[PDB]
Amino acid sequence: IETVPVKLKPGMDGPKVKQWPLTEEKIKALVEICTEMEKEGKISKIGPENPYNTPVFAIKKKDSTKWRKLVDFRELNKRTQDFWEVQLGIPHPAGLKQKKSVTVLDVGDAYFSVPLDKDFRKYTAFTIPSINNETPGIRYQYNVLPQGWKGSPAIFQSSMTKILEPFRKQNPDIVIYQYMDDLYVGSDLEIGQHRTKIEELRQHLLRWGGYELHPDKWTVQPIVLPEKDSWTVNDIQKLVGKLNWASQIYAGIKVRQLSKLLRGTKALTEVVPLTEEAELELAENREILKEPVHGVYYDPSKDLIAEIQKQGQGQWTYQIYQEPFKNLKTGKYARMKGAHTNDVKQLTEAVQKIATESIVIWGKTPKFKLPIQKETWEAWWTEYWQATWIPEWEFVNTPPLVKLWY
């Protein structure tokens, strides 16, 4: 087999990212996994004359107790040449988001049968740490299409479509979308039946060489106004500032009628009776709030952005957009772990669910704006990650000026 020639984007060098500390059980698993791929020639030991590095850790998915090696190729993928420019690219199919159920298959091991350009391998280096720094780090690089590398679904495109063809024209109304090392496969059959087309699909891939989603229940959370019999100056102040914010999103929202009931220097707890002209404004605004915003369409050439807010009692609101205030989706993620006592775990799970929805709907993950300190996130998140991909993210400290989404 002869490789596909690969380039970094012009004027960019390979990744140079430090390895972070790892627990005993993750180091042991990585050493077990990598010495076995050493033996199979999938990776090769290297030294310090290779100046590149990418962090690596491991994950146990909650119903497969095998360890899975996860290389964080986010930096490498950003510097890698576009395959869309070179014509190799995976068309996202709509109508995956309308299937009854969609199961996620980890398929990254199919890449291990295709070699990687000899001149690109050096950019895939990683380093296994050691407990108490008993030894220096141990370094490997890939000889094959690495998992988590964006170029591997693209180079392997030609082949997987041939692997998948008989299944898909023997099953025309299943829909199968490849994202990175994952296969998202949905359809409308009953779960008992849907799952065994999964397991039949499972064996067909095994013999040449998961999570259970339900897109229909992914309801939107619209912005809601409270309802009361009586209203204080503080209630009306909160309402007015919340509709004023909502005016950068929706259209023709008025606050002048509710505004002037607060004419004067009033106490916050004084109860202001609604004028009927103000019930007019509030009933009207209330249901511009009801239905989605006209004029908001997805653009595939621009990035997706996701914002999350801690609301409390296990709840988490989120909005996905590309330009500010033009939300493609607003939602509310809820804990179900039953523990109720770990904010970081809930946020990490929220991120995986939101990113999963974007893959199902648009075909790619959003860059997250996370309501958490950088160092609190980096202390704990890998303990709770279950996805073979890792989205972009950044860390924000925006106090709530409104409880807009609650």
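Position 1 is the first residue in the sequence shown; the rest follow in order. What we label the rigid core is the largest C-alpha set whose atoms superpose within 1.5 Å from one form to the other.
Taking 77 to 85 and 331 to 339 in turn, the stretch whose Cα atoms are more displaced from the shown form in 8 other deposited structures of this protein following rigid core superposition is 331 to 339.
Farther on average from this form in 8 other deposited structures of this protein lies stretch 210 to 218, the comparison being between 286 to 294 and 210 to 218 by RMS Cα distance after core superposition.
The entry models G209 and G210 with a gap of 10 or more deposited residues left without coordinates. Stretch comparison (111 to 119 versus 191 to 199) by mean CA B-factor in the PDB entry places 191 to 199 on top. Stretches compared: 54 to 62, 365 to 373. Higher mean C-alpha B-factor in the entry: 54 to 62. Within the selection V272, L304, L328, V185, the deposited Cα B-factor values reach their highest point at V272. Out of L76, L88, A125, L145, it is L88 whose C-alpha atom has the highest B-factor in the PDB entry. Per the deposited record, the Cα B-factor of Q319 falls in the lowest third when ranked against the other modelled residues of its chain. Annotation for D72: C-alpha temperature factor in the lowest third relative to the rest of the modelled chain, per the entry. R168 sits in the highest third of its chain by CA B factor, as recorded in the PDB entry. Among the modelled residues of its chain, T356 has a C-alpha B-factor that falls in the lowest third according to the deposited record. Among all modelled residues in its chain, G338 ranks in the highest third by Cα B-factor.
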